[PDB]
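K.L.:
Structure supplied as run.txt; contents: compact mmCIF, C-alpha atoms.
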# COMPACT_ATOMS: atom_id res chain seq x y z
CA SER D 1 0.00 0.00 0.00
CA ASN D 2 3.00 2.28 0.56
CA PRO D 3 4.52 3.87 -2.56
CA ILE D 4 8.18 4.94 -2.60
CA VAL D 5 8.43 8.72 -2.83
CA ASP D 6 12.21 9.12 -2.93
CA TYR D 7 15.18 6.78 -2.46
CA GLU D 8 18.97 7.08 -2.24
CA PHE D 9 22.15 5.31 -1.11
CA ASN D 10 24.38 6.75 1.59
CA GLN D 11 27.81 7.91 0.44
CA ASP D 12 29.56 4.55 0.92
CA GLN D 13 26.72 2.51 -0.66
CA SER D 14 26.18 0.52 2.54
CA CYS D 15 22.63 1.73 3.15
CA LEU D 16 19.44 2.60 1.28
CA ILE D 17 17.10 5.26 2.62
CA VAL D 18 13.60 5.58 1.19
CA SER D 19 10.60 7.74 2.04
CA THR D 20 6.97 6.67 1.83
CA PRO D 21 3.90 8.82 2.51
CA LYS D 22 3.51 7.28 5.98
CA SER D 23 7.20 7.00 6.90
CA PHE D 24 10.85 6.81 5.98
CA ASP D 25 12.96 3.67 6.33
CA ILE D 26 16.63 2.73 6.29
CA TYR D 27 17.80 -0.58 4.88
CA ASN D 28 21.14 -2.37 4.89
CA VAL D 29 21.84 -2.82 1.17
CA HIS D 30 23.52 -6.22 1.35
CA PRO D 31 22.50 -8.50 2.67
CA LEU D 32 19.18 -6.67 2.38
CA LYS D 33 17.67 -6.03 5.81
CA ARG D 34 15.54 -3.19 7.19
CA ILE D 35 17.72 -1.44 9.77
CA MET D 36 15.13 1.02 11.03
CA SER D 37 11.82 2.75 10.37
CA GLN D 38 10.37 6.09 11.42
CA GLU D 39 6.82 7.33 10.95
CA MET D 40 6.85 10.69 9.22
CA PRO D 41 4.12 12.66 7.44
CA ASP D 42 4.80 14.08 3.99
CA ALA D 43 8.51 13.36 3.64
CA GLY D 44 9.93 14.33 0.25
CA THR D 45 13.28 13.69 -1.35
CA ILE D 46 15.43 12.23 1.41
CA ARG D 47 19.13 11.87 2.11
CA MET D 48 21.40 10.31 4.70
CA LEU D 49 24.71 11.23 6.28
CA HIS D 50 27.00 8.20 6.21
CA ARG D 51 25.96 5.90 9.07
CA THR D 52 25.58 8.84 11.44
CA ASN D 53 22.46 9.93 13.33
CA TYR D 54 21.56 12.81 11.02
CA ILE D 55 19.11 12.51 8.13
CA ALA D 56 17.80 15.22 5.81
CA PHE D 57 14.40 15.36 4.11
CA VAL D 58 12.30 17.91 2.24
CA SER D 59 8.73 18.50 3.40
CA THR D 60 6.24 17.61 0.66
CA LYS D 61 3.77 19.62 2.72
CA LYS D 62 5.82 22.83 2.87
CA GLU D 63 8.85 24.69 1.49
CA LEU D 64 10.82 23.43 4.50
CA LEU D 65 13.98 21.33 4.64
CA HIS D 66 14.02 19.22 7.79
CA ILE D 67 17.31 18.23 9.38
CA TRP D 68 16.45 15.28 11.59
CA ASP D 69 18.55 13.96 14.46
CA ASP D 70 17.63 10.36 15.27
CA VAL D 71 19.15 10.21 18.76
CA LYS D 72 16.82 12.78 20.35
CA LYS D 73 14.11 12.27 17.71
CA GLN D 74 13.68 15.88 16.58
CA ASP D 75 14.56 18.49 13.97
CA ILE D 76 17.77 20.26 14.92
CA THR D 77 16.75 22.76 12.28
CA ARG D 78 14.34 23.49 9.46
CA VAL D 79 15.54 25.52 6.48
CA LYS D 80 13.29 27.75 4.39
CA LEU D 81 13.44 26.95 0.68
CA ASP D 82 12.57 29.22 -2.23
CA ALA D 83 11.57 26.57 -4.77
CA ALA D 84 11.12 22.88 -5.57
CA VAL D 85 14.09 20.68 -4.69
CA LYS D 86 15.54 18.70 -7.58
CA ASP D 87 18.54 17.34 -5.68
CA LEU D 88 20.21 17.20 -2.25
CA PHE D 89 23.60 16.30 -0.71
CA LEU D 90 25.16 16.11 2.76
CA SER D 91 28.66 16.20 4.23
CA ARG D 92 29.80 16.65 7.84
CA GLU D 93 30.67 20.14 6.59
CA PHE D 94 28.11 21.41 4.07
CA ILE D 95 24.53 20.91 2.94
CA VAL D 96 24.03 21.31 -0.80
CA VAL D 97 20.59 21.87 -2.30
CA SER D 98 19.58 21.99 -5.96
CA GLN D 99 16.28 23.85 -6.04
CA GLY D 100 14.59 25.11 -9.19
CA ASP D 101 17.12 26.98 -11.28
CA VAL D 102 19.72 27.40 -8.53
CA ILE D 103 22.13 25.68 -6.12
CA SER D 104 22.26 26.80 -2.49
CA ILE D 105 24.95 25.95 0.05
CA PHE D 106 24.35 25.88 3.81
CA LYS D 107 26.63 25.39 6.82
CA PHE D 108 26.11 22.04 8.51
CA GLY D 109 25.94 23.01 12.16
CA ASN D 110 25.07 26.35 13.77
CA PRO D 111 23.86 28.60 12.55
CA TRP D 112 22.89 26.41 9.58
CA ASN D 113 23.23 29.44 7.29
CA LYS D 114 24.04 30.18 3.63
CA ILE D 115 27.79 30.66 3.32
CA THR D 116 27.72 31.74 -0.33
CA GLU D 117 25.42 33.37 -2.89
CA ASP D 118 23.18 30.92 -4.80
CA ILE D 119 24.77 29.37 -7.89
CA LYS D 120 22.76 29.42 -11.11
CA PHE D 121 23.13 26.25 -13.17
CA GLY D 122 21.71 24.22 -16.05
CA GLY D 123 19.85 21.59 -14.06
CA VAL D 124 22.54 18.97 -13.50
CA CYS D 125 24.71 18.71 -10.39
CA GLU D 126 26.51 16.37 -7.98
CA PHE D 127 28.38 16.82 -4.69
CA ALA D 128 30.74 14.26 -3.17
CA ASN D 129 33.71 14.39 -0.82
CA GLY D 130 33.93 18.18 -0.67
CA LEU D 131 33.81 18.43 -4.44
CA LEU D 132 30.99 20.17 -6.32
CA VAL D 133 30.17 19.63 -10.01
CA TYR D 134 27.37 21.32 -11.99
CA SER D 135 25.91 21.98 -15.45
CA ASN D 136 26.42 25.50 -16.83
CA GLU D 137 23.25 27.61 -17.11
CA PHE D 138 23.86 28.72 -20.70
CA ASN D 139 25.90 25.96 -22.33
CA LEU D 140 24.32 22.70 -21.22
CA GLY D 141 27.18 20.49 -22.36
CA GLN D 142 29.62 22.30 -20.12
CA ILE D 143 30.31 21.56 -16.47
CA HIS D 144 31.96 23.41 -13.59
CA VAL D 145 34.12 21.56 -11.10
CA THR D 146 35.12 23.25 -7.86
CA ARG D 147 36.27 22.41 -4.35
CA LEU D 148 34.34 23.74 -1.37
CA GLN D 149 36.82 25.37 1.01
CA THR D 150 35.50 25.29 4.57
CA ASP D 151 38.26 27.43 6.05
CA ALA D 152 38.91 30.32 3.65
CA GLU D 153 37.61 33.82 3.01
CA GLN D 154 36.55 32.94 0.17
CA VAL D 155 34.70 29.69 0.21
CA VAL D 156 33.52 29.77 -3.40
CA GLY D 157 35.80 28.87 -4.97
CA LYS D 158 38.19 28.91 -7.94
CA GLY D 159 36.70 26.40 -10.37
CA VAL D 160 37.19 24.81 -13.79
CA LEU D 161 35.05 24.90 -16.94
CA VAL D 162 34.95 21.76 -19.05
CA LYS D 163 33.13 21.40 -22.32
CA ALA D 164 32.05 17.83 -21.68
CA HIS D 165 29.68 17.19 -24.55
CA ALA D 166 28.16 18.60 -27.72
CA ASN D 167 24.63 17.80 -26.62
CA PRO D 168 23.53 18.83 -23.11
CA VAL D 169 24.74 16.81 -20.10
CA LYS D 170 22.29 14.12 -18.96
CA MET D 171 23.94 13.24 -15.66
CA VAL D 172 27.17 13.29 -13.70
CA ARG D 173 28.82 10.87 -11.28
CA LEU D 174 31.83 11.42 -9.03
CA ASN D 175 33.91 8.41 -7.99
CA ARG D 176 34.57 7.77 -4.31
CA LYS D 177 37.86 9.64 -3.82
CA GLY D 178 36.42 12.38 -6.02
CA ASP D 179 39.30 12.60 -8.50
CA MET D 180 37.27 11.37 -11.48
CA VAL D 181 33.92 12.36 -12.97
CA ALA D 182 31.86 10.11 -15.21
CA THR D 183 29.80 12.09 -17.67
CA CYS D 184 26.79 11.58 -19.84
CA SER D 185 24.69 13.35 -22.45
CA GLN D 186 21.12 13.13 -23.75
CA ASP D 187 22.60 10.96 -26.49
CA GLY D 188 23.75 8.35 -24.00
CA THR D 189 25.90 7.22 -26.90
CA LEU D 190 29.22 7.81 -25.15
CA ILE D 191 30.43 8.21 -21.58
CA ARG D 192 33.43 10.33 -20.63
CA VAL D 193 35.70 10.46 -17.59
CA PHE D 194 37.54 13.61 -16.51
CA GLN D 195 40.18 14.29 -13.87
CA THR D 196 38.82 16.70 -11.27
CA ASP D 197 42.09 18.52 -10.57
CA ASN D 198 42.37 20.05 -14.04
CA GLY D 199 39.18 18.83 -15.69
CA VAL D 200 41.28 17.06 -18.33
CA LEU D 201 39.72 14.16 -20.24
CA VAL D 202 40.88 10.82 -18.83
CA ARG D 203 38.89 8.23 -20.80
CA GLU D 204 36.09 7.87 -23.33
CA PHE D 205 33.75 4.87 -23.61
CA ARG D 206 31.11 3.95 -26.17
CA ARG D 207 27.86 2.58 -24.74
CA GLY D 208 26.22 1.77 -28.06
CA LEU D 209 25.49 2.92 -31.59
CA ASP D 210 21.92 4.11 -31.00
CA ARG D 211 20.83 7.09 -28.88
CA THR D 212 19.34 6.26 -25.47
CA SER D 213 18.87 8.01 -22.15
CA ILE D 214 20.97 6.82 -19.24
CA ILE D 215 19.27 5.91 -15.99
CA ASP D 216 22.26 5.51 -13.66
CA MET D 217 26.04 5.40 -13.23
CA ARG D 218 28.08 4.26 -10.25
CA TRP D 219 31.80 3.72 -9.58
CA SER D 220 33.20 0.50 -8.13
CA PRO D 221 34.44 0.75 -4.52
CA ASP D 222 38.07 0.72 -5.69
CA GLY D 223 37.44 3.24 -8.46
CA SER D 224 38.55 0.86 -11.21
CA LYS D 225 35.20 0.18 -12.86
CA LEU D 226 32.08 2.11 -13.82
CA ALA D 227 28.60 0.60 -13.97
CA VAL D 228 25.95 2.13 -16.21
CA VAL D 229 22.26 1.52 -16.86
CA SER D 230 20.39 2.88 -19.89
CA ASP D 231 16.68 2.83 -20.70
CA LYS D 232 17.40 0.28 -23.42
CA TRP D 233 17.49 -1.60 -20.11
CA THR D 234 20.93 -3.14 -20.21
CA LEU D 235 23.62 -3.00 -17.52
CA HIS D 236 27.10 -2.14 -18.80
CA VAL D 237 30.38 -2.45 -16.97
CA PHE D 238 33.43 -0.48 -18.10
CA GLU D 239 36.98 -1.01 -16.87
CA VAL D 240 38.49 2.46 -16.42
CA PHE D 241 41.76 1.37 -14.81
CA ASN D 242 43.32 -2.07 -14.73
CA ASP D 243 45.30 -2.97 -11.60
CA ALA D 244 48.66 -1.41 -12.52
CA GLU D 245 47.31 1.89 -13.84
CA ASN D 246 44.99 2.23 -10.84
CA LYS D 247 47.82 1.76 -8.35
CA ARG D 248 49.81 4.48 -10.12
CA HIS D 249 52.72 2.25 -11.16
CA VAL D 250 55.31 3.10 -13.79
CA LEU D 251 54.15 1.67 -17.10
CA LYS D 252 57.09 0.44 -19.17
CA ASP D 253 55.89 1.10 -22.74
CA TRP D 254 52.73 3.04 -21.93
CA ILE D 255 53.85 5.14 -24.90
CA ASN D 256 53.15 3.36 -28.21
CA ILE D 257 49.63 3.70 -28.26
CA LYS D 258 50.11 1.03 -25.73
CA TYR D 259 47.65 0.29 -25.04
CA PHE D 260 45.09 1.68 -27.49
CA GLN D 261 42.36 0.69 -25.24
CA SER D 262 39.00 -0.64 -24.14
CA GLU D 263 36.49 1.94 -25.39
CA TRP D 264 33.71 -0.60 -24.83
CA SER D 265 32.12 -2.31 -21.84
CA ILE D 266 33.72 -5.51 -20.59
CA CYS D 267 30.23 -6.67 -19.62
CA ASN D 268 26.54 -6.38 -20.46
CA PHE D 269 23.42 -7.84 -18.96
CA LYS D 270 20.04 -7.40 -20.62
CA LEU D 271 17.61 -6.60 -17.83
CA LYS D 272 14.00 -7.69 -17.90
CA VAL D 273 11.92 -4.70 -16.87
CA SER D 274 8.18 -4.71 -16.31
CA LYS D 275 6.24 -2.08 -18.27
CA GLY D 276 5.91 -0.22 -14.97
CA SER D 277 9.44 0.59 -13.84
CA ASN D 278 10.97 3.56 -15.68
CA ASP D 279 13.85 4.35 -13.29
CA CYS D 280 16.36 2.69 -10.93
CA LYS D 281 19.64 3.08 -9.03
CA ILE D 282 22.92 1.14 -8.83
CA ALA D 283 25.09 0.20 -5.86
CA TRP D 284 28.34 -1.72 -5.61
CA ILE D 285 28.10 -4.33 -2.86
CA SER D 286 31.78 -5.09 -3.27
CA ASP D 287 34.45 -4.79 -5.94
CA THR D 288 32.75 -7.72 -7.70
CA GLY D 289 29.14 -7.26 -6.55
CA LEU D 290 26.24 -5.05 -7.66
CA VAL D 291 22.65 -4.28 -6.73
CA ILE D 292 19.96 -2.61 -8.78
CA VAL D 293 17.08 -0.99 -6.94
CA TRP D 294 13.71 -0.56 -8.66
CA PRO D 295 11.31 1.82 -6.88
CA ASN D 296 8.15 0.68 -8.69
CA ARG D 297 8.53 -3.01 -7.93
CA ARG D 298 10.16 -2.37 -4.56
CA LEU D 299 12.77 -4.81 -5.80
CA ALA D 300 16.50 -5.35 -5.42
CA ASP D 301 18.46 -7.41 -7.93
CA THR D 302 21.82 -8.82 -6.85
CA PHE D 303 24.48 -9.28 -9.54
CA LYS D 304 27.81 -11.14 -9.63
CA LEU D 305 30.73 -9.88 -11.73
CA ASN D 306 32.84 -12.81 -12.89
CA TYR D 307 36.35 -12.94 -14.35
CA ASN D 308 37.89 -15.70 -16.44
CA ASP D 309 41.61 -15.59 -15.63
CA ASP D 310 42.86 -17.58 -18.62
CA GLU D 311 40.79 -15.86 -21.31
CA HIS D 312 40.91 -12.42 -19.64
CA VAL D 313 37.14 -11.96 -20.04
CA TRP D 314 34.30 -10.87 -17.75
CA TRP D 315 30.62 -11.82 -17.50
CA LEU D 316 27.59 -10.73 -15.48
CA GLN D 317 25.32 -13.01 -13.45
CA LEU D 318 22.08 -12.28 -11.62
CA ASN D 319 22.33 -13.98 -8.23
CA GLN D 320 19.16 -12.84 -6.54
CA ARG D 321 16.05 -10.73 -6.38
CA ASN D 322 14.56 -9.51 -3.11
CA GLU D 323 11.48 -7.45 -2.28
CA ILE D 324 12.05 -4.55 0.13
CA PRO D 325 9.24 -4.42 1.25
Spit out the file's structure as structure tokens when you get a sec.

P.N.:
Amino acid sequence: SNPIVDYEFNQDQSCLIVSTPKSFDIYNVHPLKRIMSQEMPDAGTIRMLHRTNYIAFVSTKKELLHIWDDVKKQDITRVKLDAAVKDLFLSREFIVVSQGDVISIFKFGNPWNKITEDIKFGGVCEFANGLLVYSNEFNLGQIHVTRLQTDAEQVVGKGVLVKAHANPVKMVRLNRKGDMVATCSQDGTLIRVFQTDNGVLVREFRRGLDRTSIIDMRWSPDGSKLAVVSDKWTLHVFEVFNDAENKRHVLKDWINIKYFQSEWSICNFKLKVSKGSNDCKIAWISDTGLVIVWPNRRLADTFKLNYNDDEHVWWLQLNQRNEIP
């Protein structure tokens, strides 16, 4: 009887937090077990802060943003919002809110205030590990990457402008450390990866020949692989860095082309999707595991990433499916 309003993973992928009309609940992603539930009226988009006791959610009743402390069972603060909230992010330092046509940044902790003037953007943004990335307001295939300086005059700040795509950016995904950004356009034809320091292009991958829209992207725990789901409804896995290049070794003949490399997924899986579910989200359970969450079905599919050592080839397997509930 309870529809899922919003759902997200905590930063390290260990938990799933969802809001219903009657409540919000927190699940352990794998193995999948409900960790806790809390009755709440009209909870909107909802986010989590690591495994800590703070949880954010946007009132679907009002323009309010509730910051909820689970130890004492109350709002430490409520924050007035000027528009609809498209996206939301938390760190022990900042609170980042994408609302309507702008991005607002608030201090986490007293006095929970706005420490810089709202940032106008083109609809697409992501914040992880102190690093902010967003679509440009005018050119929609360009992105800005900038660090948030907590101690500085002058928390703005600096920033880099990358022309990521020809067509406008569909979505954006930071890896865990935050040094790479995976990048996507409306085409969904090819996926790019940029270094966050300079915004220089690291790698380019081809998803397919035909245009599609891309539902999700997520980086492996060790930052070596990137998982992607399109609306063609196939899961793709790309290897961005093999072991040596990931560990920053010295590569003996790296210059040749050597290698002239990859460009395509090492893995696909064609997903069977009921006519209902039009969106989902991806989590890495481990360096070889994955989970897909489907809001409509309240369903979690567990996938196994296999490697054949002798043939140097990979394949995907679906291990399990579990209702939420």

K.L.:
May I ask which of the residues D:50, D:304, D:192, D:61 is the closest one to residue 264 (chain D), counting only C-alpha atoms?

P.N.:
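Using only C-alpha atoms, residue 264 (chain D) sits closest to D:192.
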
K.L.:
Would you pick out the contacts of region 103-119 of chain D at 6 Å or less, using only C-alpha atoms, so that residues sharing its chain but fewer than 2 positions from it are not included, and give the list as a PyMOL selection string?

P.N.:
chain D and resi 93-98

K.L.:
Around all listed atoms of region 135-150 of chain D, padded 8 Å per side, what centre and edge lengths does the axis-aligned box have in Å to one decimal, as AutoDock Vina command-line options?

P.N.:
--center_x 30.0 --center_y 24.6 --center_z -8.9 --size_x 29.6 --size_y 24.2 --size_z 42.9

K.L.:
Write out as a compact mmCIF listing (two decimals) with C-alpha atoms, in the frame of the given file which residues come within 8 Å of residue 13 (chain D) when counting all atoms listed in the file, dropping same-chain ones fewer than 6 positions away.

P.N.:
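Below is the file that was written, out-v3.txt:
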# COMPACT_ATOMS: atom_id res chain seq x y z
CA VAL D 29 21.84 -2.82 1.17
CA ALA D 283 25.09 0.20 -5.86
CA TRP D 284 28.34 -1.72 -5.61
CA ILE D 285 28.10 -4.33 -2.86

K.L.:
Could you name the residues that touch residue 35 (chain D) at 10 Å or less, counting only C-alpha atoms, but leaving out those on the same chain fewer than 2 positions away, as a PDB file with C-alpha atoms, in the coordinates of the input?

P.N.:
ATOM      1  CA  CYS D  15      22.630   1.730   3.150  1.00  0.00           C
ATOM      2  CA  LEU D  16      19.440   2.600   1.280  1.00  0.00           C
ATOM      3  CA  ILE D  17      17.100   5.260   2.620  1.00  0.00           C
ATOM      4  CA  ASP D  25      12.960   3.670   6.330  1.00  0.00           C
ATOM      5  CA  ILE D  26      16.630   2.730   6.290  1.00  0.00           C
ATOM      6  CA  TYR D  27      17.800  -0.580   4.880  1.00  0.00           C
ATOM      7  CA  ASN D  28      21.140  -2.370   4.890  1.00  0.00           C
ATOM      8  CA  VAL D  29      21.840  -2.820   1.170  1.00  0.00           C
ATOM      9  CA  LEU D  32      19.180  -6.670   2.380  1.00  0.00           C
ATOM     10  CA  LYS D  33      17.670  -6.030   5.810  1.00  0.00           C
ATOM     11  CA  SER D  37      11.820   2.750  10.370  1.00  0.00           C
TER      12      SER D  37
END

K.L.:
Give the answer as one residue: which of D:157, D:44, D:31, D:130 has the shortest atom-to-atom distance to residue 7 (chain D), using only C-alpha atoms?

P.N.:
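Comparing D:157, D:44, D:31, D:130 against residue 7 (chain D), the winner is D:44.
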
K.L.:
Pull the closest atom pair for each residue of region 70-171 of chain D that gets at most 10 Å from region 197-207 of chain D, along with the distance in Å to one decimal, counting all atoms listed in the file, ordering rows by chain and then ascending residue number, as a tab-separated table.

P.N.:
residue	atom	partner	partner_atom	distance
D:143	CA	D:199	CA	9.3
D:144	CA	D:199	CA	8.8
D:145	CA	D:199	CA	7.4
D:146	CA	D:197	CA	8.8
D:147	CA	D:197	CA	9.4
D:159	CA	D:198	CA	9.3
D:160	CA	D:199	CA	6.6
D:161	CA	D:199	CA	7.4
D:162	CA	D:199	CA	6.1
D:163	CA	D:199	CA	9.3
D:164	CA	D:201	CA	8.6

K.L.:
With only C-alpha atoms as the atoms that count, which of D:59, D:53, D:320, D:306 lies nearest to residue 71 (chain D)?

P.N.:
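That would be D:53, the residue with the smallest distance to residue 71 (chain D).
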
K.L.:
What does the structure give for the distance between CA of residue 168 (chain D) and CA of residue 139 (chain D), in Å to one decimal?

P.N.:
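Here the two named atoms are 7.6 Å from each other.
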
K.L.:
Select, from D:226, D:298, D:89, D:292, the residue with the minimum atom-to-atom distance to residue 266 (chain D), counting all atoms listed in the file.

P.N.:
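Ranked by minimum distance to residue 266 (chain D), first place goes to D:226.
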
K.L.:
List the spatial neighbours of residue 233 (chain D) as a ChimeraX atom specification - criterion: any atom at most 7 Å away, all atoms listed in the file, same-chain residues fewer than 3 positions off excluded.

P.N.:
/D:229-230,270-271

K.L.:
In terms of the shortest atom-to-atom distance over all atoms listed in the file, which of D:299, D:237, D:125, D:193 is closest to residue 314 (chain D)?

P.N.:
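Closest residue, counting all atoms listed in the file: D:237.
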
K.L.:
In Å to one decimal, how far is CA of residue 2 (chain D) from CA of residue 40 (chain D)?

P.N.:
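Calculated distance between CA of residue 40 (chain D) and CA of residue 2 (chain D) is 12.7 Å.
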
K.L.:
With distances taken over all atoms listed in the file, which residue among D:188, D:178, D:208, D:100 lies nearest residue 133 (chain D)?

P.N.:
D:178

K.L.:
Using CA of residue 175 (chain D) and CA of residue 132 (chain D) as the two end points, give the distance in Å to one decimal.

P.N.:
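These atoms are spaced 12.2 Å apart.
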
K.L.:
If we count only C-alpha atoms and set the cut-off at 9 Å, which residues sit around residue 55 (chain D), ignoring sequence neighbours fewer than 4 positions away in its own chain? Please answer as an MDAnalysis selection string.

P.N.:
chainID D and resid 46:49 66:70 90
